[PDB]
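Just one chain follows, in the form deposited in one PDB entry, and it is written as structure tokens.
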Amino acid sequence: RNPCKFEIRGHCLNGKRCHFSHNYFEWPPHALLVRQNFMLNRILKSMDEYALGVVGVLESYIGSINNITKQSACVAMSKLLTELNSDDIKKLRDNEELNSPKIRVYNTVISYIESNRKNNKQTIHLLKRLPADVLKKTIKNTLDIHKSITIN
């Protein structure tokens, strides 16, 4: 009668031994919301250093701690580009008044976000061929926008 906890996380695999509900019509709403988020997560994953996070991997490479190799930093960066969308960014861009230096940085990250969609495999490579000084300011500019869009 209660919603099956496995169904909530995707799909019950316990055949007919399972006496919990698999009928969405019978489910309270929270279970239908929670289930939609595990399912979207699966659907998104199907279309392709751990306690630091991708962010702490990038904050460490800028700062040269925790021995982060440049290769491991462009892989992280690729992941952080996929979490940003270019329209939240184009809204930021056209609230900065004209000729502000901050417009060119905005368009620069957009080109990488867009290049990363088409193919994250060669977008990593275009980043490695950057020299670190400029790679690290690019990295720190996309960090700043990440915190900015999301918090405040």
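In this text, residue numbers run from 1 along the sequence as written.
As for the form solved in complex with a partner chain, it is not shown, yet the points below apply to it.
Chemist: Any chance all of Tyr112, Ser115 and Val134 sit within 4.5 Å of the partner chain in the deposited bound form, going by non-hydrogen atoms?
Modeler: Every residue of the spot touches the partner chain in the deposited bound form.
Chemist: Please tell me whether any heavy atom belonging to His19 falls inside 4.5 Å of a heavy atom of the partner chain, as the geometry stands in the deposited bound form.
Modeler: Contact with the partner chain, no.
Chemist: Evaluate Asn119 for contact with the partner chain in the deposited bound form, applying a 4.5 angstroms cut-off between non-hydrogen atoms, and reply yes or no.
Modeler: Although the partner chain is absent here, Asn119 would touch it in the deposited bound form, with heavy atoms inside 4.5 Å.
Chemist: Is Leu126 one of the residues lying within 4.5 Å of the partner chain in the deposited bound form, judged by heavy atom distances?
Modeler: Taking the distances in the deposited bound form, the answer for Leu126 is yes, it comes within 4.5 Å of the partner chain.
Chemist: Taking the partner chain as it sits in the deposited bound form, is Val105 in contact with it (heavy atom to heavy atom, 4.5 Å or less)?
Modeler: Close contact exists here: in the deposited bound form, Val105 approaches the partner chain to within 4.5 Å, heavy atoms only.
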